[PDB]
Amino acid sequence: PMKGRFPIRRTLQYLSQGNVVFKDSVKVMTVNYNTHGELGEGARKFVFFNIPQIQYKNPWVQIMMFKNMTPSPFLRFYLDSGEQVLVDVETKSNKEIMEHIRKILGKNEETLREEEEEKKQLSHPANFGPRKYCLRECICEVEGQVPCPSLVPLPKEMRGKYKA
Amino acid sequence: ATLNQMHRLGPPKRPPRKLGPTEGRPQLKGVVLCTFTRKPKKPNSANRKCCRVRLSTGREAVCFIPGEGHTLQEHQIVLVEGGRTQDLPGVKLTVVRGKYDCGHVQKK
Amino acid sequence: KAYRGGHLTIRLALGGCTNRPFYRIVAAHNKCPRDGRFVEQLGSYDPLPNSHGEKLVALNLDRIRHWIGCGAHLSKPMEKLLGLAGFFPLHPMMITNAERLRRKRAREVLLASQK
Amino acid sequence: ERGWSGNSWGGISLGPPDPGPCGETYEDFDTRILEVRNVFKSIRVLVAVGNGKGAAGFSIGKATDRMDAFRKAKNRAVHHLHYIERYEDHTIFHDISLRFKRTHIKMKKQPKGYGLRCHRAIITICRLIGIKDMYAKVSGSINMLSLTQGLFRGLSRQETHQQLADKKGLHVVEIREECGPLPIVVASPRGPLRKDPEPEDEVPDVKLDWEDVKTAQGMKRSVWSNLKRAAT
RNA sequence: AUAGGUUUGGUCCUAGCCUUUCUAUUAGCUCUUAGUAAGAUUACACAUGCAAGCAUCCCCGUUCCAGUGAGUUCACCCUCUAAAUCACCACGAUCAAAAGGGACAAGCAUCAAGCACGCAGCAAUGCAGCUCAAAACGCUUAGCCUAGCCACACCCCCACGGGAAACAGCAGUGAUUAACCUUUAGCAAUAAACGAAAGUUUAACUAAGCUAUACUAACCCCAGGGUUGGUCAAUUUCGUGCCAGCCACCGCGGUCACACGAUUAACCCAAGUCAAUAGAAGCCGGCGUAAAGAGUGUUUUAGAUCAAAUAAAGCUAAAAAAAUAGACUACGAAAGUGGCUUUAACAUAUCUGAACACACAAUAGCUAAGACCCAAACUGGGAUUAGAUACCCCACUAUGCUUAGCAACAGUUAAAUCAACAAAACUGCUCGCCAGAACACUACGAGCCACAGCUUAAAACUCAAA
Ligand code: FES
Ligand SMILES: [K+]
Ligand SMILES: [K+]
Ligand SMILES: [K+]
Ligand SMILES: [K+]
Ligand SMILES: [Mg+2]
Ligand SMILES: [Mg+2]
Ligand SMILES: [Mg+2]
Ligand SMILES: [Mg+2]
Ligand SMILES: [Mg+2]
Ligand SMILES: [Mg+2]
Ligand SMILES: [Mg+2]
Ligand SMILES: [Mg+2]
Ligand SMILES: [Mg+2]
Ligand SMILES: [Mg+2]
Ligand SMILES: [Mg+2]
Ligand SMILES: [Mg+2]
Ligand SMILES: [Mg+2]
Ligand SMILES: [Mg+2]
Ligand SMILES: [Mg+2]
Ligand SMILES: [Mg+2]
Ligand SMILES: [Mg+2]
Ligand SMILES: [Mg+2]
Ligand SMILES: [Mg+2]
Ligand SMILES: [Mg+2]
């Protein structure tokens, strides 16, 4: 079987389950957490389960982790403007931490839907080209138009061999 | 191995495939230097018809002549394909019948 | 790729098969090959009448206006297509060729009458 | 009709089992040869029987003559029948991963019309049992006796939906993509129903197979997978 | 992979090799038509003809298109900003160089060190730094990430200069390779150049020629190729007799050969068939007995969650090493430690983690000296059968002696215990190691030493097993 505990974490589908897409301001996220203590349990889970998803959805944000440097776990976000955002995470479950960061620094569903609609415009259905970029290679694939000579020979009157 | 070891070692590196007597080519042209017979390895007994040929690559190699009866002589041009002769150790080339000087086997 | 000089131009790139032409209206660098790299596809043109007896022309008018406003040139066939669509004035040569064909048909009719 | 090959005994039918000394008839049972081997001479034969409605079994028979071995194996098989539970009488209730000795078997429940994409011996035994849709992969040593024993063991140790409902005291609700968001209750507890919901495990600690995940992610590239084949 | 064949007297396990599938090229045999697509082996040498003009002179273009794959992280993103198109007053868009930042193929660590590869100051100058086992530096291989892109354009990377006289433009040729398209037509369409324009030019391109390489559709008569022991669909009668011959693997052939040759019949595919070659598909598996975990301890960038010792002094009873205690099981990292007294004295508040660092350890042998009762490899002498006793006896060396030196850790017994035998099974986490046999405790390279060497450790040929 797949090695390690919770191998589902190492599947693309789980990695794409992440619902936190940081705004463009966020550059760095530091995660200070403690290896022992019940009050930091959620933070530990946040490192175990959700940091991979956050990194997957935010490949250009620098995520760094720190262990047993402070009595209390916390998150810090550095923004492009130079601002710092501190999030205390004692007594908070990993899900609560995810919701908090999504609310304060995550793009809303409206902005994401706008981005997908913008992405849609790039692939105009009316263009003709290779399958990698377009739905159809040629107009001859459209019913009612003259089909390929490869699949249906043209009449002699439309071929140059019989016109020259 | 652990995940760290698999990461450090990386994807398996399949060694490059070994080139055979034809050097990765379907056939090779050759010039017959001498014709002779060789005896099989012994669960079997026969006098297998073989010829030494200088290939277009310059290497000299032993080839097996299939069929009943051949008219190959020295300085004649032949085409040799791959395929081991299972009885003869070290013979890994076979003369193509019906190409250049080597004619097709005479009927009966 | 850096070309010495050159400009963008909206032109017709030929695809399809032997004796079955089809055109893509594209904005591309003039030095690029006819059916090679382009900047954007701005429409299509099927010169063969379909089962309904129509020649189908698709024009991305918004993007055509954008690229003309960005300094793109137009090939003569594209100018003639835009004139036929009513987007541009009729090109002078459509008018002149129509007049020439009228005169030729008049000469043929006069020959028939003379005979 | 031939078996798995022209010269192979495997897959060949031996007909119904003989009427037993107990006085039962078995005209609804079909017998299939799974293996024939020369014992150094005598013959050892592994055969399987089944009525196509969940009752199936297998047995070994040893005799100097092949037909005597067949008869012994068939008659002993009919008296060692497993009953195999079938979901909707066409497939298994859930995926079954087992290892018998050095033979590993992964079985996957499949929708209707999927067919039997299994080892040929597994196809024969499934046809005897009455399973019509299933996927199976055999790994490790492909030993025919171990394969048969592991198959019967895993298929006899499958938990039905009613069993799960009674154990967990909860409704087993089926979701089908072809049926939209409609909830289909396939089983309800016979006793009282627990009012506290199951813990909503955010990430279950299940043992995944790299084979399935690799196929799901599209990184499988085998030229032998998903080949067109005759109806089974 | 839905798998299959093949190691044995037999079963099981492990493990390689091969079979079945899909493409491409070449070869044998065969081949009717129509449409379409694709089309030197060679960065070897090229006869011949064409491939760039336009235009009232200036200019502009010939820097493009077309070609090839030799070399090979100039291709991508961001910053800045030329040239170019259009605004044409720029405002600014579009496009896109040079420069700055980042990213960017494969194999080999037997390529482990590179050798100036950094920083600070206006400069003078100052500091000694910079990259690298998380792979620097180096060698080898290869066009790439294909609406296309990169590189090159006879060679000397470049091209002032030199070799020298150039098809990697189209058609065509010689040589070479298993590899082999016509020395056609037209600028009618589209594209490019030029012109104010009518227009002119273009081996781009368009329309044709050749070719079962491929796809599509046919066919009025018209079918071939391979195969038929098992894997794997399908043999009649003769010939031959371990010969001739055949096979992808296992194998067949010694007078009844379904396995060779002919013949009959059948089977598969079919204008093809399928012989050779090359791709397509490879490690989340293991390490007692099959390849792979037995010297000991400490540190180590990081990762994990499991936070009767020893040495030194003395002393000694039975007869130098220590009866009883010891039926004890203690001390130490291991090796080892068992007479008595005294003095020092037995690391560490998580775990894993050095071939390369430091300590030990046992292993015999050398270099200086010294002692020499006894024993004794070698070296001599004595006695013995009928190649004496190798073996018994005597003597004496090196030496024996004394100094001075050279899988780990943390949990569980819940499950179906579990190939087999060993040693009841498993989990989590980490490190090391292993991918058929032999070549090979090997060769070469490197390091260490140095009479013998030790560590790391291949390749060619061969086999279907081991
Ligand atoms: S692809 Fe359009 S005519 Fe063939
Ligand atoms: K001019
Ligand atoms: K190249
Ligand atoms: K060059
Ligand atoms: K033209
Ligand atoms: Mg058969
Ligand atoms: Mg095998
Ligand atoms: Mg052919
Ligand atoms: Mg061309
Ligand atoms: Mg400018
Ligand atoms: Mg640049
Ligand atoms: Mg190259
Ligand atoms: Mg040249
Ligand atoms: Mg040059
Ligand atoms: Mg040429
Ligand atoms: Mg060819
Ligand atoms: Mg051609
Ligand atoms: Mg011409
Ligand atoms: Mg053509
Ligand atoms: Mg025969
Ligand atoms: Mg071993
Ligand atoms: Mg440690
Ligand atoms: Mg260790
Ligand atoms: Mg050595
Ligand atoms: Mg070497």
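The analysis underlying the following values was restricted to heavy atoms, covering all of them including side chains, and did not include hydrogens, waters or symmetry mates. Chain letters run A, B, ... following the sequence lines, proteins first and then strands; every chain starts at 1.
- Using the rule of two distances under 3.5 Å, E/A407 and E/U399 do not count as a Watson-Crick or G-U wobble pair.
- Base-pair partner of E/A84: E/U94 (Watson-Crick or G-U wobble, both distances under 3.5 Å).
- Defined by atom type and a distance below 3.5 Å, a donor-acceptor pair is present between the side-chain atoms of A/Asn68 and A/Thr35.
- Comparing C/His73 and D/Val223 along RNA chain E, the residue whose closest nucleotide (by nearest heavy atom) sits nearer the 5' end is C/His73.
- Among the heavy atoms of the strands, none lies under 4.0 Å from D/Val213.
- Here E/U277 presents its P atom at 10 Å from CG of B/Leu93, a figure rounded to the nearest Å.
- Look at CG on B/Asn4: it is 17 Å from P on E/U301, rounded to the nearest Å.
- In a base pair of the Watson-Crick type (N1 to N3 plus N6-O4 or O6-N4) or a G-U wobble (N1-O2 and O6-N3), with each distance short of 3.5 Å, E/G118 is matched with E/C127.
- Neighbouring nucleotides E/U20 and E/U21 fail the stacking criterion: their six-membered base rings are not both under 5.5 Å apart at the centres and under 30° between the planes.
- Remark: D/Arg153 fails to qualify as a cation-pi partner of D/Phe100 under the 6.0 Å distance and 45° angle criteria applied to the six-membered ring.
- Nucleotides E/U301 and E/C426 are separated by 35 Å at their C1' atoms, to the nearest Å.
- When rounded to the nearest whole Å, the span between CG of B/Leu19 and P of E/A459 equals 16 Å.
- Whole-Å rounding puts the B/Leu3 CG to E/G428 P distance at 11 Å.
- Between D/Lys214 atom NZ and E/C284 atom P the separation is 7 Å, expressed in whole Å.
- Of all nucleotides present, none satisfies the Watson-Crick or G-U wobble test against E/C232 with each distance under 3.5 Å.
- Side-chain N/O atoms of B/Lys42 include none lying less than 4.0 angstrom from OP1 or OP2 on E/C242.
- The same atom, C1', is picked in E/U20 and in E/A3; the two are 9 Å apart, to the nearest Å.
- Across the strands present, E/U255 finds no partner; the criterion is a Watson-Crick or G-U wobble pair with both atom distances under 3.5 angstrom.
- Donor-acceptor pairing under 3.5 Å, judged by distance alone, is absent between the side chain of C/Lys76 and the base of E/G199.
- Between E/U177 and B/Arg25, no contact under 4.0 Å exists linking OP1 or OP2 to a side-chain N or O.
- Taking atom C1' in both E/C104 and E/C194, one finds a spacing of 43 Å when rounded to whole Å.
- At the phosphate of E/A193, OP1 or OP2 sits under 4.0 Å from a side-chain N or O atom of C/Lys31.
- Taking only side-chain nitrogens and oxygens, A/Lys161 never comes nearer than 4.0 Å to OP1 or OP2 of E/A34.
- Using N1 to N3 plus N6-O4 or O6-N4 for Watson-Crick, or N1-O2 and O6-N3 for G-U wobble, each under 3.5 Å, E/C461 pairs with nothing.
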Candidate pair A/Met2 and D/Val213, rule side chain to side chain contact (heavy atoms under 4.5 Å, CB included), full reasoning: CA-CA 9 Å; A/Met2 267 175 96; D/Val213 172; 3.8 Å; yes
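- Taken together, E/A15 and E/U300 do not constitute a Watson-Crick or G-U wobble pair, since the relevant N/O distances do not both lie under 3.5 Å.
- Between E/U329 and its strand neighbour E/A330 the base rings do not stack, failing centres under 5.5 Å or planes under 30°.
- Nucleic acid contact for B/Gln5: base, since at least one base atom lies under 4.0 Å from a heavy atom of the residue.
- Side-chain N or O atoms of B/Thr22 include one that pairs as donor or acceptor with a backbone N or O of B/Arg25 at under 3.5 Å.
- When each of E/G199, E/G253, E/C429 is scored by its nearest atom to the side-chain atoms of C/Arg100, the top-ranked nucleotide is E/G199.
- At the heavy-atom level, C/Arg4 lies under 4.0 Å from base atoms of the strands shown.
- Using a 4.0 Å heavy-atom distance criterion, D/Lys137 is classed as a sugar-phosphate-only contact.
- Nucleotide E/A37 is matched to E/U213 when pairs are restricted to Watson-Crick or G-U wobble geometry with both distances under 3.5 angstrom.
- E/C77 has its base anti relative to the sugar, with a glycosidic angle deviating from 0 by more than 90°.
- E/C284: sugar pucker south (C1'-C2'-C3'-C4' torsion negative).
- For E/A178, there is no paired base (Watson-Crick or G-U wobble, both distances below 3.5 Å).
- For E/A93, the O4'-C1' to base torsion is more than 90° from 0; the nucleotide is therefore anti.
- Between B/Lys49 and E/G245 there is a side-chain N or O to OP1 or OP2 distance below 4.0 Å.
- Taking side-chain N and O atoms only, B/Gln86 has a distance below 4.0 Å to OP1 or OP2 of E/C249.
- Take D/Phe152 and apply the ring pair (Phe, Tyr, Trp, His ring centres under 6.0 Å) test, not counting sequence neighbours, and it matches D/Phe58, D/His82.
- Close to E/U190, at under 4.0 Å from its OP1 or OP2, lies no side-chain N or O of C/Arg24.
- Distances shorter than 4.0 Å separate some side-chain N or O of D/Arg102 from OP1 or OP2 on E/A419.
- Rounded to whole Å, atom P of E/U21 lies 10 Å from atom CG of D/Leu227.
- Remark: the backbone N or O of B/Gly83 is paired with a side-chain donor or acceptor of B/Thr94 at under 3.5 angstrom.
- Residue D/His119 has a polar side-chain atom (N or O) positioned under 4.0 Å from OP1 or OP2 of E/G4.
- Among the heavy atoms of the strands lying under 4.0 Å from B/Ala1 is at least one base atom, whether or not backbone atoms are also near.
- You'll find a donor-acceptor pair under 3.5 Å spanning the side chain of B/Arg48 and the base of E/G245, going by distance alone.
- For a distance-only test at 3.5 Å, the side chain of B/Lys99 fails to qualify as a donor-acceptor partner of the base of E/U26.
- Residue-level contact check: D/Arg229 touches the bases, meaning some heavy atom is under 4.0 Å from a base atom.
- In this structure, CH2 of D/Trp4 is placed 10 Å from P of E/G5, rounded to the nearest angstrom.
- Nucleotide E/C76: paired with E/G102 (Watson-Crick or G-U wobble, both distances less than 3.5 Å).
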